[PDB]
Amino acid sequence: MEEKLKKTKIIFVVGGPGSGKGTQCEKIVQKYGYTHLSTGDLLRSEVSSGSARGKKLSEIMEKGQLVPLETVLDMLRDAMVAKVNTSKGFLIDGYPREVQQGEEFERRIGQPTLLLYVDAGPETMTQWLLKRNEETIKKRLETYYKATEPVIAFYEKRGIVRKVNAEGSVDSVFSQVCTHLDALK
């Protein structure tokens, strides 16, 4: 069955601002043959598709309303169905932002294999990079950390969280990423 979805590798990739997790996903693509997905890319793709789903989405966005999670997950699942025979695994870049988005992904598609937490860390030198006021930046970072900690705590209970220190270079981050992915199966 498309129960294959329950056997592929599914990595939730989570990181605050300045985390560079987009670059890490592509480096995982090059090395491990995974597929880089994000809900933003699928929405742009679908609107460009001219499909009825895309016309509705543009309407919702002309509406200024919210896109329903069910439609997001239809698109994620379609994209994963089309590549689970030809891909070694999937990166969900920037997902989930809340516990229930994670739980709804699991219901519709399959349970995550890992949650990769790419943490540039709070204000150490992340603050200075985020310009190029500075209390707009601190307000932004703490609201990220408040929203993301229940997601981390939730998946910590399953023991699938792998935390990556993203203070240093791109190369030192991908070093830790490969340690964590090399441990799978």
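For every residue, the number given is its place in the sequence shown, counted from 1.
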Residues with no coordinates between residue 132 and residue 133, taken from the deposited sequence as a class: 4 to 9
Which is higher on mean Cα B factor in this entry, 64-72 or 24-32? 64-72
Tell me which stretch, 136-144 or 44-52, has the higher mean Cα B-factor listed in the entry. 136-144
If you check the C-alpha B-factor for each of 120, 37, 116, 152 in the entry, which is highest? 120
